[PDB]
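# my complex, first installment, coordinates as in the assembly:
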Amino acid sequence: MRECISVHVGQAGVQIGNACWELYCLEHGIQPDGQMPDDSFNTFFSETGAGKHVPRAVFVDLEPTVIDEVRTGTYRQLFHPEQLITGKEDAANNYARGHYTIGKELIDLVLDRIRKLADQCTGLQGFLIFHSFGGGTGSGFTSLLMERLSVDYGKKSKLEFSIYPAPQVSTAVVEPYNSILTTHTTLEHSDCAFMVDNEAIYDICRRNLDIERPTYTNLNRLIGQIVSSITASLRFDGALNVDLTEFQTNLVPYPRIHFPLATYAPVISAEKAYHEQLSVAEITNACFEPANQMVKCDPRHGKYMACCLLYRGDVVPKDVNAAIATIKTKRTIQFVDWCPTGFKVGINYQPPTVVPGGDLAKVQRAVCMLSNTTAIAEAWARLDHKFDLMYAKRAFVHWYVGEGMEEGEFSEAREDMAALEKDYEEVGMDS
Amino acid sequence: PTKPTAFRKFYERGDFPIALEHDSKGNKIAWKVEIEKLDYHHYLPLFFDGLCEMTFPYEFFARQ
């Protein structure tokens, strides 16, 4: 009954999705073939007529190399033949070839499939989108989608997971451009945008865990569990539950301010775990620690405005209350002036599920802290500056104006990210 | 025992200009075109054929 459609736009989306879907298949016992050897599956899967629980997701990527791997692999049976969608060429790290050229060609098939997946649902409760600002599909095709779903499912919340341009580590040279031009056309359409960089999660893999040489695979599995923790209340049982809509209404202040972060709690390796207690107090405090955040943005350089401590497992409601009280005292963690509470909680009586072949341990407790910090302005100002430096000498702008995009769009995008900055300042000021 | 109808077969073809509009309030059908200019000779005998179905995403479109 309470179902949520997950859309994977871009290499990232698919790669991270091949990790998120693996976990779901395990939590709700569904073997790769798609068979369950009672109703928790509804939130994510949909039963056919012969135990063929088929994922309620849509995987789209213009370039057919990442989705072809899914088609020829373990989950070749799970995913519906036509739920995996491809094209021919790529957006070649260019927003234009995803929001103006190639994109158009695939938007009326991706959209038609979402409709079919939403018409078989009885309670669509949200559209989760897994994009990657840097790419042209994770910035362009995702803009088309969010600029379309808005004019088709206005009320339906549209939460958004997003690999954000990491501070210094970056792949493409035009990532600065794609990101700015895409926030302009996604800030007014998404409800809340969960952001995770790559620098931070890389560190969390080496230190907190024990994985030297961490790859995308590892990163995607921790992002996978953040989704499980958020969607758990909608599929398992708990003491204080929290549905998709209840996230936004307790996390998004002044409309535009809608860019929360994500920190897991028991990100410990096997050897280490055994030698540790992992109590509500510990995992809670570990979450607020400025070296467990997954978007390098020194929490201390700003004020939190609405945290959402979503727990999972053995969490005695009392310990939770106590733990959060402690956090309020410690002044390092400073909240704003217009948010006395700013602590929506949530307990789902379902222990974290070990991905047979992951890196995390069998912890019987976890918390996923979604915080609306005002420190993300630093990160946003960084990308903003990069733009200016390149745009000054109209750098890679010939490539963007050839696939459809006036030089004006660049200017609006810059002046609009400037508004984002100004807003965040006028939300940190006191009364 | 029920028989598959033409309401089913015309649905995966996509001829119907309908989608299950998910209101929080309830279940309504969003119409992409005006209902007044619809060809009533093509749709009323076809929407009545969908009454025989009992699975949710097809019986609702017949009922509403």
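Looks like it came in fine. Residues are numbered from 1 along each chain as shown, chains lettered A, B, ... in the order given.

# residue A:229: what's it in contact with?
By CB atoms under 8 Å, 6 or more residues apart in numbering or on different chains, residue A:229 lies in contact with A:264, A:310, A:312, A:348, A:366, A:367, A:368. For every residue, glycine as well, the C-beta is placed using N, CA and C.

# now do the helix or strand hosting the second one: which elements does it pack against?
When you say that, I think you mean residue A:310. Assigned by DSSP states H and E, residue A:310 belongs to strand A:307-313. Counting contacts by 3 or more CB pairs under 8 Å, 6 or more residues apart in numbering or on different chains; DSSP states H and E, strand A:307-313 is packed against helix A:216-232, helix A:280-288, helix A:317-329, strand A:343-348, strand A:365-370.

# closest to residue A:66 out of the ones you listed?
Evaluated with CB to CB, the helices and strands packed on strand A:307-313 place helix A:216-232 nearest to residue A:66, the distance being 11.1 Å.

# and that closest one, how far out from the chain middle?
Put simply, helix A:216-232 sits 9 Å off its chain's centre (CA atoms, centre = their mean, to the nearest Å).

# and the contacts of the helix or strand that comes right after that helix?
Using DSSP H and E, the next helix or strand after helix A:216-232 towards the C-terminus is strand A:238-240. Residues outside strand A:238-240 that contact it (CB under 8 Å, 6+ apart) are A:232, A:315, A:317, A:345, A:346, A:347, A:348, A:349, A:350.

# count of residues packed around the spatially closest residue to residue A:82 that is not a sequence neighbour?
Computed as CB to CB, 6 or more residues apart in numbering or on different chains, the closest residue to residue A:82 that is not its neighbour in sequence is residue A:113, at 6.6 Å. For residue A:113, the neighbour count with other CB atoms under 10 Å in any protein chain shown is 20.

# tell me the one of the contacts of strand A:238-240 nearest chain B?
residue A:346 (20.6 Å; CB to the nearest CB).

# what bridges to the closest one?
Taking DSSP bridges as the rule, residue A:346 bridges to residue A:310.

# contact residues of chain B facing chain A?
Residues of chain B that fall close to chain A, judged by CB under 8 Å from any CB of the partner chain: B:14, B:19, B:20, B:22, B:23, B:24, B:30, B:56, B:57.

# just the element for the second one, please.
Using DSSP H and E, residue B:19 maps to strand B:18-22.

# extra chain here, label it chain C:
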Amino acid sequence: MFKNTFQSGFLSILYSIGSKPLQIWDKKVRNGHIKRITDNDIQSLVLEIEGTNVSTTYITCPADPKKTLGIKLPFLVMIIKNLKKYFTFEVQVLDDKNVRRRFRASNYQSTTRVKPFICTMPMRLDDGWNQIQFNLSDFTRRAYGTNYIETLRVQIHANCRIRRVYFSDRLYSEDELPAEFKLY
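Placing chain C onto the earlier chains gives this:
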């Protein structure tokens, strides 16, 4: 089968520009030949089928005779060059009263005749390359008091040169047609 396909405003079943255009199609060659290449006016590859017997050598879009492609699109347009020889082609449609029904257009037929399982009509080609638009939803209505559901087969016979056999949702003008569907 073409059932899970969205069947949007355009759908192509044969296009001479590609690796294997006649992949889903079944080739039956008898006292004739099939080839793929000649640049007369358009400098592009166009598939040739021609032979001394028009009713014996042909190509059929579903390879398996039991399988039938289901296309709901009413307008059927192929771009065929006139060769001043005998050219015929098939289309088989499914009707609202569930009858397998066929239509035939021929160069060598004087008058048309309609009766229950085949409707044969004449055709006049132009001087050179042309496109022809076979309105299936109207020909299933004028010939019999019947509505269109979906086509099932198309079959192209000898003495013609083929490029871009496709279906369309409605009739398109030349300007609004996209670049890859143009005659030139």
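
# repeat for the nearest residue to residue A:82, accounting for chain C.
Closest to residue A:82 by CB to CB, 6+ apart is residue C:4, at 5.1 Å.

# the one you found contacts residue A:83, correct?
No. At 10.7 Å, residue C:4 does not count as touching residue A:83 under the criterion of CB atoms under 8 Å.

# for the longest helix seen in chain A, C-alpha coordinates in CSV please.
For chain A, the helix with the greatest residue count under DSSP state H is helix A:407-428. The C-alpha trace of helix A:407-428 is given here as CSV (Å, rounded to 0.1, in the frame of the first residue of the first chain):
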residue,chain,number,x,y,z
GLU,A,407,24.7,31.9,-22.9
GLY,A,408,22.0,33.7,-20.9
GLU,A,409,21.1,30.4,-19.0
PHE,A,410,24.7,30.4,-17.6
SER,A,411,24.0,34.0,-16.2
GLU,A,412,20.6,33.2,-14.7
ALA,A,413,22.1,30.0,-13.1
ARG,A,414,24.9,32.0,-11.5
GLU,A,415,22.6,34.8,-10.3
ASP,A,416,20.2,32.1,-8.9
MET,A,417,22.9,30.2,-7.0
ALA,A,418,23.8,33.7,-5.7
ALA,A,419,20.2,33.9,-4.3
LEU,A,420,20.7,30.5,-2.7
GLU,A,421,23.9,31.9,-0.9
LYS,A,422,22.1,35.1,0.1
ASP,A,423,19.1,33.1,1.5
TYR,A,424,21.4,30.8,3.6
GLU,A,425,23.0,34.0,5.1
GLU,A,426,19.5,35.5,5.9
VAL,A,427,18.6,32.1,7.6
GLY,A,428,21.7,32.0,9.9
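
# name the helices or strands packed onto that helix?
Using 3+ CB pairs under 8 Å, 6+ apart: helix A:407-428 touches helix A:175-184, helix A:376-392.

# so for chain C, which of the ones you listed sits nearest?
Minimum separation from chain C across the helices and strands packed on helix A:407-428 (CB to the nearest CB) falls at helix A:175-184, 26.3 Å.

# flag every buried residue along that closest one.
A:175, A:176, A:177, A:178, A:179, A:180, A:181, A:182, A:183, A:184 (16 or more other CB atoms under 10 Å in any protein chain shown).

# what does it contact?
Contacts for helix A:175-184 (CB under 8 Å, 6+ apart): A:93-95, A:133-136, A:139-140, A:142-143, A:164-165, A:172, A:383-384, A:386-387, A:390-391, A:396, A:400, A:405, A:409-410, A:412-414, A:416-417, A:420.

# kindly incorporate the sequence below as chain D:
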Amino acid sequence: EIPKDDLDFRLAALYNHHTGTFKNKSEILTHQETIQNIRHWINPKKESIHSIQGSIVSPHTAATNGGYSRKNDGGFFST
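Now chain D, sitting on the chains shown earlier:
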């Protein structure tokens, strides 16, 4: 098998009336009764040695770690 003479003519007499030309009333029917080391297993998917799903092997072996690097706290690295 046959209950009566019509099925005896109708059954497998092997006489195609389209093909059989100028037979005799004996060859009108010709019944079928009248006429008459290693087990090899191949896996279907054929993968590659460079598509192994798992952690990546350190070029320095686990017992030695000749390129001896550590964490910020100087811990081991396992594997």
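
# the neighbour count of residue A:113 again please, this time with chain D.
Count around residue A:113 with other CB under 10 Å applied: 21.

# surely it meets residue A:58?
Yes. When contacts are counted by CB under 8 Å, residue A:113 is listed as touching residue A:58 (5.3 Å).

# need the overlap of contacts for those two.
Overlap of the contact sets of residue A:113 and residue A:58 (by CB under 8 Å, 6+ apart) consists of A:83, A:85.

# tell me which element the residue nearest the centre of chain A falls in.
Centroid check for chain A by CA atoms, centre = their mean gives residue A:161 as the closest residue, at 1.9 Å. Using DSSP H and E, residue A:161 maps to strand A:160-163.

# which strands or helices does that strand pack on?
helix A:10-27, strand A:124-132, strand A:193-196, helix A:216-232.

# contacting residues around the residue nearest to residue A:242 when sequence neighbours are not counted?
Of all residues not flanking residue A:242 in the chain, residue A:346 sits nearest, at 4.0 Å (CB to CB, 6+ apart). For residue A:346, the contacting residues are A:233, A:238, A:240, A:241, A:242, A:308, A:309, A:310, A:311, by CB under 8 Å, 6+ apart.

# residue D:30 and chain A: what is the separation?
49 Å (CB to the nearest CB, to the nearest Å).

# so what's that residue up against?
D:13, D:14, D:15.

# report how many residues lie close to residue A:160.
Residue neighbour count, defined by other CB under 10 Å, stands at 22 for residue A:160.

# where exactly do the helices run in chain C?
For chain C, helices defined by DSSP H occupy the ranges C:136-142.

# near chain A, which residues of it?
Residues of chain C lying near chain A (CB under 8 Å from any CB): C:4, C:6, C:8.

# thinking residue C:106 is in contact with residue C:123, fair?
Yes. Taking CB under 8 Å as the definition, residue C:106 is a contact partner of residue C:123 at 6.5 Å.

# neighbour count for the two, which is higher?
A side-by-side neighbour count of residue C:106 and residue C:123, using other CB under 10 Å, places residue C:106 first with 18 against 15.

# how near is that one to chain B?
In terms of CB to the nearest CB, residue C:106 sits 31 Å off from chain B.

# for that residue, give its distance to chain A.
According to CB to the nearest CB, residue C:106 stands 38 Å off from chain A.

# nearest spatial neighbour of that residue, chain-adjacent residues omitted?
residue C:88 is the one closest to residue C:106 (CB to CB, 6+ apart), at 4.6 Å.
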